[PDB]
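Undergrad: I have a structure here, written as structure tokens, and I will follow up with some questions on it.
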Amino acid sequence: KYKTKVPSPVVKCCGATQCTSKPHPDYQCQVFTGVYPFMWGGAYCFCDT
Amino acid sequence: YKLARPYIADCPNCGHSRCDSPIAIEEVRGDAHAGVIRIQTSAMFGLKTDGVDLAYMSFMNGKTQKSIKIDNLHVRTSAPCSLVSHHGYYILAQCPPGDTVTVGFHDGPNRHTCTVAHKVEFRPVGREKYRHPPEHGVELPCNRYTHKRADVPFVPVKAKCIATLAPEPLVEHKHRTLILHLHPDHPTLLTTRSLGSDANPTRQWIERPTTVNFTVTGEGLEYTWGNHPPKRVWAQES
Amino acid sequence: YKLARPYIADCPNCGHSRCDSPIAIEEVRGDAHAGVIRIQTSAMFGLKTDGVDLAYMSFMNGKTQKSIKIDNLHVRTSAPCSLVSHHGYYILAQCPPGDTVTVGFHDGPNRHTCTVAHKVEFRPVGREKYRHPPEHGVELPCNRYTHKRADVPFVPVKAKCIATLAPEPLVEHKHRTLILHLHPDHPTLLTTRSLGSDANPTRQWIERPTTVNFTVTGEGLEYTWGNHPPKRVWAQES
Amino acid sequence: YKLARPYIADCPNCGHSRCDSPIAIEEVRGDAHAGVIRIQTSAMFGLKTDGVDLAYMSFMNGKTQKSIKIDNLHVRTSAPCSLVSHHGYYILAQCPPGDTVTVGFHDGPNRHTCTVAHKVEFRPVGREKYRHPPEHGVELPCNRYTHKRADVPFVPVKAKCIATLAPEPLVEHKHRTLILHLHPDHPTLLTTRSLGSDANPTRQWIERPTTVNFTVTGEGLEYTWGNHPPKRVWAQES
């Protein structure tokens, strides 16, 4: 059984970051926008887009 | 209303020997293609004395109008439910089975819980099931509600709901024949039909590594797999 | 009256490796066509610090001998379950399966919880299920334990509960022929027999809308559908 | 070691309008060939001021925070699960799937419960699943974990596993034929083959008293009944 390692995703509240490759056996990244849907949080990021 | 306080309502059935309860559920929405349910009822979550909040509720206990922090006071449908948003007159929760909606106080000497019968179903909008969107898998259309207080009312809308993805679909091209080595880890509905003037009219739900050979007349084929966005070929190389 | 005491007893499944729990269900009675349960716990219900209530219990969990409100002590099968009456060693509650009872503490320090998978069952004495009240058909006997004290054991007494009679029993009589137009929602047993010197002995379990034709010779027939004692028609189209 | 702290982790559905929650299980290890689980939780279970304890936990959030003694916080699959030992960041418990753990607290500002069910699939090295090796029946070598306290993680331990078998494997000998009158109390996998030139590779799961005849070479036959390494009889009336 594998163990998934997440180092922690780089999250910019009201910004963005492009993927930087790192050498791991099944290294995969994706850049994901949103993070938090609009009107869904109580101390969430202001930017939901 | 949202700022209006809970009140006694007809429902003379509780699980204890006290049954003088609120709750009758004015309206409920739960005929979504999500997993979440919006309830409009007296025994209001999202309302304390401060008006509309996201993590406090108010209730008539059977005769005691008060507010508390959510402790041993639980919403349920046919299973426990952990709320997602509270909006005054409206409760919003993730409640996976749906159907019956049960708001209850599991307090000491007076333990009231009302359940109201309703048809709250969560179903495909396409052919992939929804009943509790997780956070892993492809986002697909669904009905949902706004999940933050606007104090405007919570009413139906359409949003995006996660549904499970499956492993790599290994396609193998051959001449006038496309064998699809498919490897679900989870129930995928495999629908095929050709994108030619031939057809492959085969719906089947599949699980686990299998092969399925299909005809191609020289115009490929469409296969939708898991109701995930179609994998389609139009070649005679297919 | 009550000749019971709250104390620890061994339960093979608890929330910690600490299995020095009370609330350990010695016996359960569930031989009914109801939904209610008489539970015999090692912990005493119907005695709190102040004695007799209908919604407080007392216990010793080998770490605290105290009483609490049935709030801190919740019965569950997963979702809450509300007690109705207490008779010392015995509890009487509504908790629909009534063969799986998990009694657990959200009291003070340490989490003792006993779960019981008792040998008693709810069952029909007929040929088709009515073991728990449905919404289908009309009542047949059940057992519902006394909700006041009447010896430490709550006595079992007969009561009335809903019973299955098969959904939509459209009978149609015709010449020499009895068609039974059936439209169940669930597996119903259809038994027929002639009452005269005609035969027709036909047991079948059916699901989904179907028809079942029988001969008639002008000498009656009985059809029971979904657990009934004889329903009879005679000397014609029967 | 025991340097673990309480912290938040992303959950699919947890209380409040954000699931950046307490009591959220980051990872789970099901890397056993038993039924035991090593759990890695952001919120710490198993530690008060004592170091390694069996009955206190801590958690934090920002919206629904506090620490408690384990009591209002119940672990469940839907029934209790008992921890045995804590090694800081790692929790060790016996729980049946060993991949699905649902932890929730029914006290504090909201009623949060996180469930983890993300894969780390396993089954015993035999063919029957356990939640922890039972007393009943044959032993099988397997992997599991360390369960004694010693605080870093509870690393796999080559140590015994046990598979339950059914009560009566009544073998009946005849000339070149062995009928196995089997009397399941519980689902047993019966795999057979005759020993010798003749062989009868037949796997079947059975429940309830049945007979199953197999041909025999006259050189013996193997039947494993209820997950065993070969139980075999040799040339005789086999």
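So the protein lines, in turn, are chains K, H, J and L. Those letters in the first sequence? Residues 50 to 98, per PDB author numbering, in order. Those letters in the second sequence? Residues 9 to 159, 254 to 340, per PDB author numbering, in order. Those letters in the third sequence? Residues 9 to 159, 254 to 340, per PDB author numbering, in order. Those letters in the fourth sequence? Residues 9 to 159, 254 to 340, per PDB author numbering, in order. Note that the Cβ used here is the ideal one computed from N, Cα and C, for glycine as well.
Run through chain H and tell me which residues come within less than 7 Å of J:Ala63, C-beta to C-beta.
TA: Neighbours of J:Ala63 on chain H, chain order: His24, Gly116, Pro117 and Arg119.
Undergrad: Do we get a CB-CB distance below 9 Å when we pair H:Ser93 with the residues of chain K?
TA: Yes, its Cβ sits closer than 9 Å to a Cβ of chain K.
Undergrad: Find the nearest neighbour of H:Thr72 within the set H:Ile99, H:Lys127, H:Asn80 and H:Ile16, judged by alpha-carbon distance.
TA: Ranking H:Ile99, H:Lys127, H:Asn80 and H:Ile16 by Cα distance to H:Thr72 puts H:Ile16 first.
Undergrad: Short of 7 Å in beta carbon distance, which residues of its chain neighbour L:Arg131, apart from the five on each side in sequence? Order them along the chain.
TA: Correct list, in chain order: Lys137.
Undergrad: Here's the rule: buried if 16 or more other CB atoms are within 10 angstroms of the residue's CB, otherwise exposed. What is H:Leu100?
TA: Classification of H:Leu100: buried, given that the 10 Å Cβ count is 16 or more.
Undergrad: Round the Cβ separation of H:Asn315 and H:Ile281 to the nearest angstrom and send it over; I've been treating them as touching at under 8 Å.
TA: Contact flag correct, Cβ pair sits at about 4 Å.
Undergrad: Counting C-beta neighbours from all protein chains within 10 Å, is the total for J:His41 16 or more, i.e. buried, or is it exposed?
TA: Label assigned to J:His41: buried.
Undergrad: Within 9 Å (strictly less), CB to CB, does L:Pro20 reach chain H?
TA: Yes, L:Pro20 counts as interfacial toward chain H.
Undergrad: Taking C-alpha atoms, which residue in J:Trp327, J:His330, J:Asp300 and J:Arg119 lies nearest to J:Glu321?
TA: Per the Cα distances, J:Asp300.
Undergrad: If you check the beta carbons only, do L:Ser29 and K:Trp89 fall under 9 Å apart?
TA: No, the pair does not count as a contact, with Cβ atoms beyond the cut-off.
Undergrad: Would J:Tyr64 and J:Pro255 be called neighbours here (beta carbons separated by less than 9 Å)?
TA: No, the Cβ-Cβ distance between J:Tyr64 and J:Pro255 is not below 9 Å.
Undergrad: Flag J:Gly112 as yes if its beta-carbon sits less than 9 Å from any beta-carbon of chain L, otherwise no.
TA: Interface residue, yes.
Undergrad: Could you check which residue in J:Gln48, J:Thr110 and J:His330 has the C-alpha nearest to that of J:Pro149?
TA: Ranking the options by Cα distance to J:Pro149, first place goes to J:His330.
Undergrad: Under a Cβ-count criterion, where at least 16 other Cβ atoms within 10 Å of its own Cβ denotes burial, should L:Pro88 be classed as buried or exposed?
TA: Its Cβ being crowded by 16 or more others within 10 Å, L:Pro88 is buried.
Undergrad: Return the chain-ordered list of same chain residues with a C-beta closer than 6 Å to the C-beta of L:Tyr9, the five sequence neighbours on each side being excluded.
TA: Cβ neighbours of L:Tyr9 beyond the five flanking positions: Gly96, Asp159 and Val254.
Undergrad: Could you name the residues of chain H that L:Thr72 contacts, counting a contact when the two beta carbons are closer than 8 Å?
TA: By Cβ distance, chain H contributes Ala63.
Undergrad: How would you list, in chain order, the residues of chain L whose beta-carbon sits under 7 Å from the beta-carbon of J:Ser86?
TA: Per Cβ cutoff of 7 Å: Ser86.
Undergrad: Provide the residue span of the beta strand (DSSP E) that contains J:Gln48, from first to last.
TA: Taken as a continuous stretch (DSSP letters only), the beta strand (DSSP E) holding J:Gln48 covers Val44 to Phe53.
Undergrad: Taking CB distances under 9 Å as the criterion, tell me whether J:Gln102 reaches chain H.
TA: Yes, J:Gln102 counts as interfacial toward chain H.
Undergrad: At least one CB of chain J closer than 9 Å to the CB of L:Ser90: is that the case?
TA: So yes, L:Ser90 belongs to the interface.
Undergrad: Closest Cβ-Cβ distance between J:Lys77 and chain H: below 9 Å?
TA: Yes, because at least one Cβ of chain H sits closer than 9 Å to the Cβ of J:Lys77.
Undergrad: Counting only the same chain and skipping the five closest in sequence on each side, list residues whose C-beta sits under 8 Å from that of J:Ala125.
TA: Cβ neighbours of J:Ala125 beyond the five flanking positions: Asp107 and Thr108.
Undergrad: If you drop the 5 nearest sequence neighbours on each side, which residues of the same chain put their C-beta closer than 8 Å to that of L:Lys156?
TA: So the list reads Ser93, once near-sequence residues are dropped.
Undergrad: Determine, for K:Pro58, whether the minimum Cβ-Cβ distance to residues of chain H falls below 9 Å.
TA: No, K:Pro58 lies away from the interface with chain H (no Cβ there is under 9 Å from its Cβ).
Undergrad: Measure the CB-CB distance between J:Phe113 and J:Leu81 and report whether it falls below 9 Å.
TA: For J:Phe113 and J:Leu81, yes; Cβs fall inside 9 Å.
Undergrad: H:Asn151 to H:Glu143, Cα distance in whole Å?
TA: Cα-Cα distance, rounded: 17 Å.
Undergrad: Can a CB atom of chain H be found closer than 9 Å to the CB of L:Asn80?
TA: Yes, because at least one Cβ of chain H sits closer than 9 Å to the Cβ of L:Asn80.
Undergrad: So if I threshold CB-CB distances at 7 Å, which residues from the stretch 72-91 of chain K count as touching chain C?
TA: Structure shown: chain C not included; protein chains present are K, H, J and L.
Undergrad: Using a C-beta cutoff of 9 Å, does L:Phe130 count as contacting chain K?
TA: Chain K, which has a Cβ nearer than 9 Å to the Cβ of L:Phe130, makes this yes.
Undergrad: According to DSSP, H:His330 sits in a beta bridge with which residue or residues?
TA: In DSSP, H:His330 forms a bridge with H:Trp327.
Undergrad: Excluding the 5 residues preceding and the 5 following L:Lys74 in the sequence, name in chain order all residues of the same chain whose CB lies nearer than 6 Å to its CB.
TA: Here the set comprises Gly116.
Undergrad: At least one CB of chain H closer than 9 Å to the CB of J:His155: is that the case?
TA: With 9 Å as the cut-off, J:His155 counts as an interface residue toward chain H.
Undergrad: J:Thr123 versus chain L: which residues are under 9 Å apart at the beta carbon?
TA: What J:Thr123 touches in chain L: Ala87 and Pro88.
Undergrad: Would H:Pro286 be called buried (16 or more neighbouring beta carbons within 10 Å of its own) or exposed?
TA: It counts as buried.
Undergrad: For chain J, is any of its Cβ atoms less than 9 Å away from the one on L:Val109?
TA: Not closer than 9 Å to any Cβ of chain J, the Cβ of L:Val109 fails to qualify, so no.
Undergrad: Just to make sure I have the definition right: I need the residues of chain L whose C-beta is within less than 7 Å of the C-beta of H:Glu143. Which are they?
TA: Chain L residues near H:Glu143: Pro20.
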